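There is one chain below, alone, in structure tokens, taken in the form deposited in one PDB entry.
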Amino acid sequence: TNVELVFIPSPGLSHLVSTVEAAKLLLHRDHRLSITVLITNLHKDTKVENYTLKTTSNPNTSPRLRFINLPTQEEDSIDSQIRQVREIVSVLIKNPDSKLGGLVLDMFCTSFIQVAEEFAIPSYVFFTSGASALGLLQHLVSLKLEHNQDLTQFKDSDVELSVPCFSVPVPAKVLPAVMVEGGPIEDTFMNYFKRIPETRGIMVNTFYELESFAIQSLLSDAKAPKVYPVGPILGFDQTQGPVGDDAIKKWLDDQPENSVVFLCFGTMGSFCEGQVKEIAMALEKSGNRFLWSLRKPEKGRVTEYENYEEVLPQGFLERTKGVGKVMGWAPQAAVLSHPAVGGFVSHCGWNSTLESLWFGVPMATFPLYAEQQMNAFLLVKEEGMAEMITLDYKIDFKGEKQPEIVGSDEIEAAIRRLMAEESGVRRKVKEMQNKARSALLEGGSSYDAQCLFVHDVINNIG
């Protein structure tokens, strides 16, 4: 009666956490389900081993969740992983005590669809960005494979694409860079995403109310697999809240509700120095209270303070001393959960988008890479739930000097609109916050999508 589902996440703690948190929710929906997660180098990364031991030692998480290590072999290619995944699947399938429900693959692990076919088990995808991203990528793939479109024609173009999962035309300049740059990079991502429509179903880390038009579009394509919006899946205990910082919380406690603008871009130092200067000037002109997570600049000075001074306007740190703080790493989810935080200047990565939404904090969009430009366009132009600093900003690597720097006047104006006490954007975020929390409760859309997914997995095995 037991049905076992094998998950294969892509490497990286972020994708692993979102995969395991998703697995935990699925296990709640049917006692017959068990989940096995195949991990790459379990006993090589501490944060991974600690997390997996934390999960399996806690009986608040069921004994129907387990991990199996994929050790990097002395000769390690994809075929080595293919062979190594083949061997584990053959072992699991020999077990008469449980039925193998299939493989659930990350969007970057779709090559393992061949292994599922070989062992005659269904394949599925856990897509960790949103439905609009999923639909846009399938559209670009169909353009290339079914209509002989040269995707490089869209790079920096002014045309607007008619994309079925967006109700408004999509500017070519918000397309993910990897899909319009040609060469090996286009090949790589075409091979990832063209197999997604060949699985038996796609879990998406979104909720129906956020992206209803895209999901209706995706569900209407009789040639595409069923999609299951099972999110928001967040990297913390969504019933208890995230773990924070005492020092930050103490400072935030001293600020009025919704008065602080949080600026965080992963603390990677992605911006060039001239862009940092413009953000700093905009913060000062705005007069707003702020918390700015900024990677320490490597300017060759002795002290950390001096290194920040090298890239900020002269005297910036002294003049803003009483209204804001420039710091390094910050616990993002915990900061957004604080009632003093009223706005979020963000690169619009999907996890950051869901976390801000979850805590009802509106964003101003400063996308940088991957699908962040599209996420910004979704939030600003399709949903009307964010302020725009820029939609099409793009960096190719950390710190790359940009030919078009966003000026302080444009940033200032966006921050003033963001922090205005009454705004349609703010109201729409609050309405979306309630829907995000309701989606995961019994009777919620995402709760039901999780039940339907487990139900379909059990029945698809026959």
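Numbering starts at 1 and follows the sequence shown. The term rigid core refers to the maximal set of C-alpha atoms that superpose within 1.5 Å between the two forms.
Another form exists, deposited in another entry; not displayed. Remarks below refer to it.
- In a core superposition between the shown form and the other one, the Cα of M268 is the only one among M268, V159, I185, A247 shifting by 2 Å or more.
- In the core-superposed comparison between the shown form and the other one, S423 has its Cα shifted by less than 2 Å.
- Relative to the superposed rigid core, the position of the CA of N434 differs between the shown form and the other one by less than 2 Å.
- Fitting the two forms on the rigid core leaves the C-alpha of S220 displaced by under 2 angstroms between the shown form and the other one.
- Between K394 and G269, the Cα distance is smaller in that other deposited form than in this structure, by no less than 3 angstroms.
- Whereas the shown form places them at one spacing, the Cα atoms of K398 and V180 lie at least 3 Å closer in that other deposited form.
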